[PDB]
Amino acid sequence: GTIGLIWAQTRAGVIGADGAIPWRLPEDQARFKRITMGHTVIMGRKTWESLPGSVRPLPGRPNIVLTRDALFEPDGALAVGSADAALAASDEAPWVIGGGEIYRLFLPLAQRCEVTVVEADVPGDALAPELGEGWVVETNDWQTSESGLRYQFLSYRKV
């Protein structure tokens, strides 16, 4: 089993504000879709609710949602009550897709983090997990989106 985390953050670590992602980055959406397609995706209940209805559930991927309500019913997805239960229901290579609470829950089990860093001085109430010792990453050139925002992809792997 290989657990991955995937997220997009500002340079300062912000990932969400008022239940949404406070920027638009189409190159990141395309990358996220390509990376996770065909894999189990694990998310917190608030992230399930932040999904636009047209992509809820995320198509072509088994959706798993963590909640403490044993009778929460995400149509087209599986609701589970614990990290162990989510992994027991996962395929061999699940991606943890947020949000802040769920990233911190699965980080100790993760083997890679696919991170998009965005150049945006925007505040928020949800933060990316802190990567301490144990990870190695190669830097990539910063890119400019058609939306005009500058962004960087980073692929962290466990040492």
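Counting begins at 1, following the sequence as shown.
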Avg C-alpha B-factor, entry values, 119-127 vs 60-68, higher side is 119-127
Taking the deposited Cα B-factors and averaging over 10-18 and over 132-140, the higher mean is found in 10-18
Of the residues 114, 27, 101, 92, the one whose Cα carries the largest B-factor in the deposited record is 27
Of the residues 35, 55, 96, 105, the one whose Cα carries the largest B-factor in the deposited record is 55
Split the chain's modelled residues into thirds by Cα B-factor; residue 43 lands in the middle
